[PDB]
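Step one of this worksheet: look at the structure below.
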Amino acid sequence: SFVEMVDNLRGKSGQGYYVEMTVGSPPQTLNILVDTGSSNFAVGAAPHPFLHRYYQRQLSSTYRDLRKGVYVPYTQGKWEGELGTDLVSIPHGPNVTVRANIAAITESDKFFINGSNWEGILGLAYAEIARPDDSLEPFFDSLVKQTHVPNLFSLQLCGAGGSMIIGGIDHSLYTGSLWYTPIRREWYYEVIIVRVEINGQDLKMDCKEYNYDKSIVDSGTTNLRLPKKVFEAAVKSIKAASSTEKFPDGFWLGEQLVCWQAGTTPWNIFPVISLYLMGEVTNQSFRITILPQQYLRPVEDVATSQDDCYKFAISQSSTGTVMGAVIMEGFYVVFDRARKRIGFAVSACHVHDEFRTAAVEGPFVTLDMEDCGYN
Ligand SMILES: CC(C)(C)c1cccc(CN[C@H]2CS(=O)(=O)C[C@@H](Cc3cc(F)c(N)c(C[C@H](O)C(F)(F)F)c3)[C@@H]2O)c1
C-alpha cells in the first residue's frame, strides 16, 4: 500500500536521499542511495572507513557469483566490484522480494561519503547506460518482470526526507495538476527544456542550447547543472538581481559559504528560475519554477549554526543540463516508464515564503516549431 511507503526516504540534497533495502538470505539491511541518474545496483561489500556496515556474501545462502567484474566511473567518484545475483527487498516499499543483479563493491574512490548513512546505490535509469553494458538488467526492470507491479515509480524529495512510491501515483503527495513531459530517449531520464526565464525574463537562446548535449533528471546529484552558455547567462541574471548584497570570493563557483544572521536571509533579492518543459502536445509546454530556497542550499554545520549559511547550488556542466536534487525538491515527480513520460506536480513539502512559491503551471504555447532536442 502506498500509505505504507510514505516517508520511506531520509537524507539531504547535498549527501543524497536513501531508502532501506535488504540483500541476501537471511536479509541483510542496508541504506541505499536513490539514483535516477544511473542504472547499476551496487553495495559496499568490503570494509571501508566510511561504511557503517556492508554486504557479506558469505553469509547469504542465496548468493550466486557471476564470476565477472564491473567498473563504474561517475562524474565524481568510482567503484569496482564483482557481479552476482541475490534476493533483494524494500521493507518500506512494495511487498515483494526479487532476484536482482548486485555489484559487490570491493574497491572505491570518492564514492562513499563520510557520514552520509548509505552503503550502496540504486540506479533506476535504463539498461542502455548500465555497466559493463546493456545486458546487465537493472533492478527496476527485474522488479517489474518478476512481480508485475506497474512500471512506474514516483519521488517526493523534501528539504529541511521524502517518499519513493513504487507502482502507482499517491495523490496524497501532491496538490494541483500533474504535468507530463516526454522521455526523449530511454537511457538516462532525458527530457527537453524549451524555454528558460529568470525572474520572468526570457534568456532568449536557441532552445537547443538548453539541452546541449542532453538534459536529464538526476536524483543522484545535488545541483542544477547547466551548459556553459546557459550557466553564464543564469549567473549574470542572479548577480544583477542580488547586487544590493556583497558575496564572497568564489560564491558563484559553488564551493564558498555565504551566511546571514539567523532568519534574515534576503530571499527577495534572488530571482525565481522557470524551466519550461516540452509538453505531450505539439508546441505546448509547462513550467516548473525554482525559488532561491531551492538553489541556495543550506549547509548544516554545528560550527556555523549561530547563522544561516548556504552554498550556490547551480553549477556549470560538461555533461549537459542536470536537474538534480535541489530541482526535484518540493515537487512530486512521477517516472512513468510505462507511458515514457515524467510528471511534475507541487508536493506537500514544496518551498515557499509569504510572497512566492514553487509552482507547476501550464499550458504555454510556442509559435516557433523548432525541435529543441540536440540530437
Ligand atoms: C551512467 C554512468 C556511467 C553511471 C554515469 C557517468 C557520469 C554521469 C552520470 C549521470 N549521473 C550521475 C551524476 S554524479 O556523478 O554527479 C552522481 C552519480 C551517483 C553518485 C556517485 C557518487 F560517487 C556519490 N558520492 C554520490 C552522492 C552524491 O554526490 C550526493 F551526495 F547525493 F549528492 C552519487 C550519478 O549517477 C552517469
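The chain as shown is numbered from 1 upward.
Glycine is treated like the rest: Cβ placed from N, Cα and C.
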Seminar exercise, completed: In Swiss-Prot, the entry for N6-acetyllysine among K68, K239, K311, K340 points to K68
Exercise. Quick one: which of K12, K204, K246 has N6-acetyllysine in Swiss-Prot?
Worked result: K204
For this session: Output: those recorded positions from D35, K68, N95, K208, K214, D218 whose CB lies less than 6 Å from an atom of ligand 1, in sequence order; none if no residue fits.
Result: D35, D218
Problem set entry | Distant-in-sequence Cβ neighbours of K204 (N6-acetyllysine), under 8 Å, six or more positions away | none
Seminar exercise, completed: According to DSSP, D218 (active site) sits in coil
Exercise. If you count Cβ atoms within 10 Å of the Cβ of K208 (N6-acetyllysine), leaving out that atom itself, what do you get?
Worked result: 17
For this session: Taking only the Cα atoms, work out how far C372 (disulfide bond) lies from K208 (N6-acetyllysine), in Å, as a whole number.
Result: 5
Seminar exercise, completed: For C207 (disulfide bond), the nonlocal same-chain Cβ neighbours (under 8 Å, six or more residues apart) come out as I193, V194, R195, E370, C372
